[PDB]
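Every number for a ligand or one of its atoms is a count from 1 in the order of the listing. We name chains A, B, ... by the order of the sequence lines, and we start the count at 1 in each one. Values below: all heavy atoms of this structure, side chains included; hydrogens, waters and symmetry mates excluded.
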Amino acid sequence: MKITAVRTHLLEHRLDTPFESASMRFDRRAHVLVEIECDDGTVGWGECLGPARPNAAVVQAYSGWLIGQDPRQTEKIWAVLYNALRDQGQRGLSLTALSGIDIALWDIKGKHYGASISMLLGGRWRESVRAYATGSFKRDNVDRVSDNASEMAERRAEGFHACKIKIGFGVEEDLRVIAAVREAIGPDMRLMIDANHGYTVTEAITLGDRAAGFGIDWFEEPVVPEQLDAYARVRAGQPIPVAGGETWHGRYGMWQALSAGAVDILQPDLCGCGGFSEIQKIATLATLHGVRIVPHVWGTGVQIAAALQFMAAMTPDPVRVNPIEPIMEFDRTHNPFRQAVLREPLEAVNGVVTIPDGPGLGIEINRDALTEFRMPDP
Amino acid sequence: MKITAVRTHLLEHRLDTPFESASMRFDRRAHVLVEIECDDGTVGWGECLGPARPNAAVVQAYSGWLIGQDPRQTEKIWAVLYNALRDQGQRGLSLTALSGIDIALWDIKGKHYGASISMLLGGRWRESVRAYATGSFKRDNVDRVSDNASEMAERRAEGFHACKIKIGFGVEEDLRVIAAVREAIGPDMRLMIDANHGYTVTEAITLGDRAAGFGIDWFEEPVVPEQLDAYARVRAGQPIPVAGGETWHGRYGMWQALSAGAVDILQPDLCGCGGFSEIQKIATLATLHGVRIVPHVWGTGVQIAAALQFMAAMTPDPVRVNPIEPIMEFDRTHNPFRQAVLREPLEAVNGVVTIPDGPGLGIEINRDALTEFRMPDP
Amino acid sequence: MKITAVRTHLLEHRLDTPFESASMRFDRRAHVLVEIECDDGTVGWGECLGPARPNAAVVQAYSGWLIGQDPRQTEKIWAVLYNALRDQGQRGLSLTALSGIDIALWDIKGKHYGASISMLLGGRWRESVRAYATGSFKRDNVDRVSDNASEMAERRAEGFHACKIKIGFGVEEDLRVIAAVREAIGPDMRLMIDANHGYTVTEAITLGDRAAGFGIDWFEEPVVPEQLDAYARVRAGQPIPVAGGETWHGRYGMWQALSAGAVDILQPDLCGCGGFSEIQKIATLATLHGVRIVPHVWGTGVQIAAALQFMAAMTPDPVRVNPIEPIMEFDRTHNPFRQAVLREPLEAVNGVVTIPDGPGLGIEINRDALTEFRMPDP
Amino acid sequence: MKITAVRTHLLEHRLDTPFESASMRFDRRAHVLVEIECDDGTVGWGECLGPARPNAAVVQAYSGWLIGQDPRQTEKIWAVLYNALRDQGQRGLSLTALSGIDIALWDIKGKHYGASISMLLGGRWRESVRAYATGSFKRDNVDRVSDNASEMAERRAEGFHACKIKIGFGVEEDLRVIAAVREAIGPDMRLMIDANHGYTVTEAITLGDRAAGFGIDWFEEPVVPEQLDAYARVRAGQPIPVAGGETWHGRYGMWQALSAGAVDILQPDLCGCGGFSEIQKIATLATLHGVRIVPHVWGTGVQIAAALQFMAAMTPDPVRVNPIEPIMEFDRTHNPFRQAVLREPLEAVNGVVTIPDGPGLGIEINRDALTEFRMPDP
Amino acid sequence: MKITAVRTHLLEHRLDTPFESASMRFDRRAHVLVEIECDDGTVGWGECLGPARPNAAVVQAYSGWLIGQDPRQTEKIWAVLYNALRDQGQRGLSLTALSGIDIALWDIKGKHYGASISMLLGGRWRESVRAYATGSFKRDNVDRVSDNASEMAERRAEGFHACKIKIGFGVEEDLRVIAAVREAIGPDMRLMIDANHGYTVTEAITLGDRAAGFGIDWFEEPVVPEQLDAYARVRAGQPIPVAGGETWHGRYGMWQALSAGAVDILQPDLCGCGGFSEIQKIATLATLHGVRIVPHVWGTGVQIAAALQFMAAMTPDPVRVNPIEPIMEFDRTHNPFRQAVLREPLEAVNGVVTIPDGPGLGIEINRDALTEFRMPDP
Ligand SMILES: [Ca+2]
Ligand SMILES: [Ca+2]
Ligand SMILES: [Ca+2]
Ligand SMILES: [Ca+2]
Ligand SMILES: [Ca+2]
Ligand SMILES: [Ca+2]
Ligand SMILES: [Ca+2]
Ligand SMILES: [Ca+2]
Ligand SMILES: [Ca+2]
Ligand SMILES: [Ca+2]
Ligand code: NI
Ligand code: NI
Ligand code: NI
Ligand code: NI
Ligand code: NI
């Protein structure tokens with residue numbers, strides 16, 4: 001079995017108005033998929049987190065080390081490609097592009113052995129996960145307080161057990177947003193907050209001290225990803241558990257954060273941290289200190305399918321009866337190609353997402369959707 | 001003053017036979033320049049280290065935050081662009097692409113103020129630097145021992161005060177290469193060794209212990225860039241000063257290495273570490289412990305010109321009469337567009353390279369060479 | 001371009017009654033400016049923090065290394081002069097005197113290139129800053145509680161968004177002062193406290209625990225500048241963010257404090273820490289852990305102008321929309337030559353200070369004021 | 001008993017040609033004495049290390065806190081004056097000026113109680129010390145190798161048991177100088193080396209490794225005083241014991257160096273580190289780890305007299321029969337006012353200097369010499 | 001001047017009923033004085049903390065190194081005697097016995113120079129100190145709660161500004177005692193607690209958490225003196241400042257505790273820690289981190305006189321107007337020879353104790369009291 005072709009597929013949809021987090025303002029949904037074809041006809045699919053056209057370019061640069069290789073040998077291919085572009089690599093785009101490749105190769109490997117990826121990863125502890133809803137972005141002329149209060153009441157009505165709202169813009173308004181969301185969702189629904197690294201350490205500590213009374217399960221990216229000493233200060237300075245990981249990369253970046261005691265919850269993204277091959281190594285590292293893994297999930301149904309395979313296989317830390325299980329980050333904001341790339345959608349039903357069990361990722365790509373939402377040439 | 005256009009120029013030349021280091025095998029010289037044009041006509045030039053097409057793609061992704069901006073405001077632009085692509089950035093391609101942009105903007109700023117970059121950086125301590133020659137690569141059916149012995153005798157005859165040879169392939173053959181080169185160059189010429197991270201820690205310690213008698217001024221990239229504990233072990237375990245930095249990025253990556261006590265010589269590349277804006281911050285960090293900076297230099301005359309501006313401005317650590325000054329890494333292997341991109345070559349004369357003092361980088365690009373050596377479309 | 005003369009100008013005004021902080025009692029305003037003249041006629045101005053006549057003497061001792069030098073080469077001159085008097089230097093007067101020289105040279109450099117210092121520092125993120133008012137000093141037979149309550153209500157009426165009061169004399173009376181000031185300024189105006197290192201660690205922790213309910217944004221110089229372990233204890237032992245820096249010096253002194261985790265806010269003074277050349281290096285160091293910089297500002301309009309240039313150029317940490325920006329420390333106590341040294345005053349208008357954008361510091365010295373307020377010969 | 005006057009006396013002698021170390025080039029001997037007079041007629045004398053006119057200015061700034069004070073209360077006066085100028089003080093000139101004041105006050109205190117300072121410090125362990133000779137400086141057109149070889153043979157012939165030569169200029173020439181001096185002085189005379197912080201860490205380690213075979217008792221100021229991590233690297237990287245201290249200040253600066261494990265020998269200067277009051281505290285600190293104190297001595301007979309009082313009182317670490325005793329640094333280069341300031345010279349006789357036992361410093365100043373060598377007005 | 005005789009004087013008074021702390025039960029007051037006589041007739045007096053007959057035996061063992069020595073040379077004698085018995089010494093009785101000797105020698109030295117010890121120590125910052133009263137011991141059939149409530153109301157009525165009560169027996173009863181004492185003394189009198197190392201770490205943390213609401217200025221010897229990690233846990237685990245030092249010894253024992261961050265207040269005893277010679281070194285060490293010194297005082301008027309001399313000389317940390325000053329521990333329990341050993345008592349008058357200013361300790365021993373209260377032969 002040999003890889004014969006490696007392709008990328010850029011997807012875009014323009015929004016009605018731009019969406020803003022504290023870390024970014026964007027006016028379109030833009031994603032990239034990786035397609036790897038084999039000499040026996042087998043095709044695998046993956047997705048890369050982050051800047052879409054630059055990821056496509058890095059996948060193309062890796063392609064020379066993929067063509068002619070046996071796609072079943074995922075550890076060998078991962079290490080060879082990791083080393084090939086390591087010099088001006090190590091974090092960021094060199095790992096997000098390798099993650100998409102890795103996911104496509106594990107899809108091929110599952111198809112070849114007739115096994116779901118979750119089985120090849122070592123087994124299925126669970127057949128479904130509870131999802132949590134993520135919030136809307138800041139938009140021009142939209143009041144964040146009432147928009148988030150209504151939107152999260154709407155998520156509660158759909159059956160989500162938890163939701164996560166975007167802050168990081170300014171302590172006082174962010175507190176008004178948190179208070180209004182708690183009022184709107186009632187006392188039982190779980191609530192998380194994500195600052196998108198918008199805060200200074202002092203802001204993040206002040207916000208956490210003042211928000212903790214609203215019952216907040218974690219505080220995601222309080223500060224920038226490079227200042228691990230700042231993460232540890234926020235963790236020690238206010239009471240809300242701190243989460244991060246969607247902007248860290250590989251076993252070395254993740255170990256740097258765990259060594260620093262940066263987080264209570266580590267949040268590797270399948271399509272960013274290095275793929276299935278590397279996320280299993282990151283999950284090992286998290287067991288040394290007992291730090292919970294909850295994946296970060298952002299992107300199309302291909303990303304969702306990959307994250308679901310890993311979530312079926314995640315081993316509890318600790319094992320006990322009815323252990324703490326992963327929950328699935330579910331973006332509810334507008335993206336017509338999120339599900340359209342799949343022949344069958346991977347959707348929350350009363351807040352719960354069932355994990356496929358077919359070979360590989362357990363999905364079938366809709367190639368007509370790739371054409372329909374193709375990103376226009378520059 | 002406003003930026004109106006940002007372009008990249010990909011350059012390629014195929015070699016007669018592939019060149020191999022321990023870290024890579026390549027069959028062509030492939031580089032990318034950045035061109036930034038302003039509303040008043042001013043044009044600046046820069047270069048990005050590393051994978052050429054992926055760098056071009058990341059420069060294109062940054063371009064949206066550059067158009068319409070005042071190019072004189074280099075710290076503002078650097079921080080804005082750094083944050084824009086930080087999430088799946090931080091090291092590697094997101095910093096090598098920003099370095100090329102930064103260099104072009106400092107070229108514009110010098111042209112605008114009528115000042116060499118070295119002057120804007122704070123002054124010229126020196127008007128020239130001594131260069132050292134780098135060695136040939138491993139080639140199919142070429143004996144490394146005799147090839148390096150002859151090649152380095154040829155560099156000595158050209159007047160280079162020092163040379164650096166490539167090892168990392170295997171302790172015993174590498175020792176034969178070092179011994180033959182010392183014999184060939186005589187007792188006075190300085191000698192350095194670069195393993196291109198080819199060694200285990202045990203190999204690197206064994207090689208350094210056994211090579212130290214040949215008089216070796218530093219041992220570059222003994223081990224992989226992510227294992228800073230391995231660098232510190234090599235530093236403590238054998239007597240040759242350890243050098244690294246061409247595969248680290250930004251103030252945070254460089255501080256991580258200095259904190260770890262990884263190196264005796266830190267080797268930021270102008271076109272990789274973040275450009276002039278960030279290399280000044282890295283040079284600050286190196287003064288906290290007294291670690292010598294010697295830039296890494298690889299690429300075309302644009303990279304050479306940038307590195308020379310920084311070398312004129314480097315402050316001695318410590319200041320004394322006849323202090324330890326930077327020496328210029330000078331690749332002598334075949335590349336017809338290395339100098340052709342410049343209207344006037346920046347060449348060693350009896351081992352010494354004179355540093356331009358005209359506005360900006362002090363060079364004039366030869367646009368006809370950009371066409372002649374343009375990389376063929378995929 | 002060559003420096004031809006270096007002069008100092010001592011200024012004094014006797015007060016109606018002495019002013020006391022916990023760290024000092026003084027009966028006059030006494031300051032020193034530095035004037036550097038060039039062979040082409042260009043003149044630059046600077047100011048030194050601290051003992052005026054001793055600063056003038058240290059500037060005179062540096063003058064021998066300045067005459068005949070190119071003033072545009074600020075990094076070279078800084079490093080040469082720093083090394084010249086380092087042996088019995090390193091902190092204190094050797095750095096405050098060099099700061100005044102450095103500021104005058106950056107004023108010359110901006111005039112020469114036709115650029116504001118803020119532009120040469122890398123760009124203007126902002127054109128104005130909000131000022132905060134500092135409080136009155138302790139005076140004989142004046143009740144601190146009512147004096148501070150009235151004075152800070154008067155600052156609120158002038159439009160200052162925040163104010164900082166002097167404590168450090170004794171926990172119980174200091175708490176009465178803080179309580180009365182909070183009552184007088186209302187619930188929205190921000191409040192900071194400065195102990196001028198008057199407290200033991202135990203006093204400072206007790207004061208912070210008992211004062212935190214009044215809403216205090218930082219606690220400045222709780223303890224003496226040499227006991228960095230005491231700073232870290234105060235930071236960990238009570239809830240008010242700790243600030244310091246006006247009594248630390250250079251990259252090495254500031255790094256010592258940051259390494260120790262001494263402060264939540266670092267407060268370099270342009271005229272004390274080493275000038276523009278060194279404060280940019282200190283600002284780099286603060287980004288490693290994410291410690292906020294808020295400059296310390298004390299002295300004449302020349303100091304104010306220098307601090308404003310640096311504040312226009314300060315890069316947010318982190319970058320976000322509407323980031324945390326520097327605020328300007330504005331002494332409101334009596335000093336007739338504070339503004340008189342400038343042809344145009346740099347004053348708060350409804351609490352906001354606009355940052356000049358002319359070449360260099362963007363000011364014009366009033367030489368007649370230098371004569372009018374000249375310090376009498378000993 | 002009350003202080004009534006505090007005066008300084010600046011002394012200068014121009015040399016025939018300038019003298020150069022790696023850290024400085026000077027063309028005159030320039031020193032400052034402190035004279036403190038009391039209401040009962042008692043006068044005390046001291047000396048300040050470092051820049052003479054700036055020290056005089058700082059002594060004048062302290063004078064306001066001295067007049068009217070009881071000079072017998074040396075700990076109270078030290079702490080009051082230390083705090084008075086601490087803010088822009090802490091190291092350097094604020095401590096060298098306080099050292100001269102402190103020495104004059106201990107001279108007064110000894111005269112008042114009819115006791116040598118050595119007795120008031122706690123007793124005389126010894127009545128004499130062996131001196132070591134320091135070497136000549138680098139001079140224009142003088143070969144350092146032969147000049148040092150002849151000069152040190154001349155010191156050997158005068159009976160000095162040891163000598164210390166100046167290096168720091170460049171590893172190869174410095175090694176030639178060390179080798180020639182060892183040849184010239186024979187195998188028994190002790191040899192020390194002082195780099196005046198001229199070296200990078202790499203140079204200092206290389207020099208120490210290559211020089212150790214010549215039998216070197218210590219290696220003084222290998223690197224700059226602010227890089228304590230560099231001192232520890234030099235200490236660990238080559239075999240010659242490392243010495244420093246003449247460019248550190250006070251208990252906090254000295255503790256910083258000892259904490260860092262910077263030195264095998266700590267070298268406080270009576271006229272730089274804080275005087276008798278502070279050097280006793282530094283000597284305490286050195287006993288925590290067992291680091292030997294050997295004072296640094298540079299200046300006139302007043303400095304020599306102060307250093308001799310402290311050397312009589314230094315407690316062995318450890319106490320044993322025939323313990324390791326301090327040796328006296330004795331500058332032999334030309335200075336006609338070194339001894340002329342005293343009515344009776346304090347000179348080495350066959351290498352040994354006898355320690356006065358009269359009240360205070362045990363000397364009588366020659367006021368006619370103060371006039372003869374008075375520094376010309378600026 | 002030479003020492004001719006060294007004598008000890010054992011004192012005893014049997015109590016009506018035994019007194020118990022958590023650390024000890026005793027039925028008599030038992031103390032030892034040291035008397036040192038000189039060839040010129042001068043006599044000095046000192047006291048040793050701890051077991052009286054064993055201290056007398058250790059003083060006798062030191063006597064051989066004292067006879068014939070010059071008593072003015074206190075640092076030489078201290079170091080010689082310290083080394084003489086160091087091998088089976090270092091802490092405990094070898095230092096408490098040396099402390100008594102040291103005090104007698106400083107008494108001789110002050111008489112010889114006609115100076116109070118406080119002056120020889122460097123000056124008098126204060127002429128009096130405020131005393132605090134210590135509480136009664138536990139006694140058979142006496143209710144601790146009502147006994148302490150009444151006794152401390154009686155101390156308040158005598159004018160003491162503060163008092164310290166004995167706990168360490170059991171958390172619940174100890175809390176009842178603290179509550180009753182706070183009720184009895186009113187809201188202003190200061191309150192301290194001393195567990196005499198009776199508690200486990202868990203008890204001490206629980207007690208401090210539950211007692212802090214009663215307004216407690218320090219918590220003395222919460223745990224045993226050898227478990228410095230336990231001290232640091234108590235300090236970090238409950239809010240009352242922790243004090244210790246009366247059971248530590250010398251610069252090395254005290255530095256061990258300060259290094260460990262064991263205490264907020266260090267409490268050397270003049271008659272235990274090494275005397276005046278060593279307590280000055282301990283006071284130096286406490287300034288490195290800013291830990292307050294408050295001496296421990298237990299014993300006769302000779303101990304009281306020594307402690308008062310040191311308290312006059314203690315330098316504020318930090319210096320400020322109206323700084324934090326030492327307060328004097330004043331045992332009020334029955335001991336007829338406490339004051340009888342002095343010709344003039346050293347007593348609190350409205351809570352304040354005036355510090356003698358005569359030569360030496362400033363006291364005159366009543367030799368008739370030494371006979372009257374002589375301890376009966378075994
Ligand atoms: Ca997120
Ligand atoms: Ca908190
Ligand atoms: Ca290399
Ligand atoms: Ca070895
Ligand atoms: Ca302040
Ligand atoms: Ca607290
Ligand atoms: Ca020296
Ligand atoms: Ca070595
Ligand atoms: Ca006690
Ligand atoms: Ca507690
Ligand atoms: Ni749509
Ligand atoms: Ni060719
Ligand atoms: Ni006035
Ligand atoms: Ni002469
Ligand atoms: Ni009785």
> Taking the six-membered ring for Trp, are C/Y199 and C/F219 parallel (under 30°), tilted (30 to 60°) or perpendicular (over 60°)?
Replying inline: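 Aromatic pair C/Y199/C/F219 classed perpendicular.
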Salt-bridge present ([X], [Y]; N to O < 4.0 Å):
X      : Y      : value
E/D27  : E/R14  : no
C/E172 : C/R210 : yes
E/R29  : E/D331 : yes

> Are E/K138 and E/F19 in a cation-pi contact, defined as NZ or CZ under 6.0 Å from the six-membered ring centre and within 45° of the axis?
Replying inline: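 Judged by the rule, E/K138 and E/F19 form no cation-pi pair.
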> Is it true that the NZ or CZ of E/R332 lies under 6.0 Å from the centre of E/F330's six-membered ring and within 45 degrees of the ring axis?
Replying inline: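 Judged by the rule, E/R332 and E/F330 form a cation-pi pair.
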>> Checking E/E203 against E/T200: is there a side-chain donor and acceptor pair closer than 3.5 Å?
In response: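 E/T200 vs E/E203: donor-acceptor pair found between side chains.
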> Under 3.0 Å from the Ca ion (ligand 6), which protein atoms of type N, O or S occur, listed by chain and number?
Replying inline: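 Near the Ca ion (ligand 6), below 3.0 Å, one finds C/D209 OD1, C/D209 OD2, C/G237 O.
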> If you count the non-hydrogen atoms of other residues, nucleotides and ligands that lie under 6.0 Å from CZ in C/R190, is the total more than 12?
Replying inline: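 It does not: C/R190 CZ has 12 such atoms or fewer within range.
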>> Please give me the protein atoms (N, O or S only) lying under 3.0 Å from the Ca ion (ligand 9), ordered by chain and number.
In response: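 You should have found E/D194 OD2, E/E220 OE2, E/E246 OE1, E/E246 OE2.
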>> For the aromatic rings, using the six-membered ring if either is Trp, is the centroid distance between E/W255 and E/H289 under 6.0 Å?
In response: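 Yes, they do, as the ring centres are separated by less than 6.0 Å.
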